[PDB]
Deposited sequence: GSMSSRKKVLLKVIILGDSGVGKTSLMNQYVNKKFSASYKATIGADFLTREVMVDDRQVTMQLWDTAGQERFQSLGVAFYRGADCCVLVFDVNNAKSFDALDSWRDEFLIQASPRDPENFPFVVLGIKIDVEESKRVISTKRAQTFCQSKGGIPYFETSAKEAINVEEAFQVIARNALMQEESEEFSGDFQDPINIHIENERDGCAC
């Protein structure tokens, strides 16, 4: 049977998660519901070694009125992606609040080894690369990638997070 992974995309609203996922995911199967019920539901096929993996992508809206529903959004998640804008300092500072709220609401098995990936979106930047890696290294060595909406490292970031989910 084909492997299925539930992947949560977290980040502050307006960071650029929608435009970024548009380049990656299969648009033909997307379901756009961020403003209504709090998430876009995306999907994409990922190759990890010989195995072909189908990813179920939950791109959360991040708006305040959906916070209580985080228990249902994150339930059963296999891995989580943390997104920030390198020019928006507030989006970087929120990465610690999103990760902690994810661990509390999702309450996953093996929390210290749960797969995470941090993504920095590029477009003069405020957050340095080393300051982002120090936070990633601080949280158990989270893989860090930088990309632009114009692809790039997004494909590698998801092959890494998919590989770490299959190890568990």
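* Asked: Going from the first residue of the deposited sequence to the last, where are the unmodelled runs?
  -> Unobserved in coordinates, per deposited numbering: 1-6, 130-134, 162, 181-207.
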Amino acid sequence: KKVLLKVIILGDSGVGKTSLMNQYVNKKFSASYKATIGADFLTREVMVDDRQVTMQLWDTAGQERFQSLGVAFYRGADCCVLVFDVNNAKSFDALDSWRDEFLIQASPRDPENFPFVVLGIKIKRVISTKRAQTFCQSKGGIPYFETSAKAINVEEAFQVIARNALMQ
From here on, numbers count along this sequence of modelled residues.
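* Which is higher on average in the deposited entry, the C-alpha temperature factors of 108-116 or of 26-34? -> Between 108-116 and 26-34, it is 108-116.
* **Of 138-146 and 66-74, the one with larger mean CA B-factor** => The recorded data point to 138-146.
* Asked: At the C-alpha atoms, which of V126, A61, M55, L103 reaches the highest B-factor in this entry?
  -> By C-alpha B-factor in the record, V126 ranks first.
* **Third assignment of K1 from its chain's C-alpha B-factors** => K1: CA B-factor falls in the highest third of its chain.
* **Record-listed C-alpha B factor of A94: chain third** => It belongs to the middle third of the chain when residues are ordered by C-alpha B-factor.
* Where does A151 sit by CA temperature factor within its chain: lowest, middle or highest third? -> As the PDB entry reports it, the C-alpha B-factor of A151 lands in the highest third of its chain.
* To do: Tell me, lowest, middle or highest third: where does the Cα B factor of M47 rank within its chain?
  => Its C-alpha B-factor, which the entry lists for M47, ranks in the highest third among residues of this chain.
* Asked: Is the Cα B-factor recorded for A162 in the lowest, middle or highest third of its chain?
  -> Answer is middle: the recorded C-alpha B-factor places it there.
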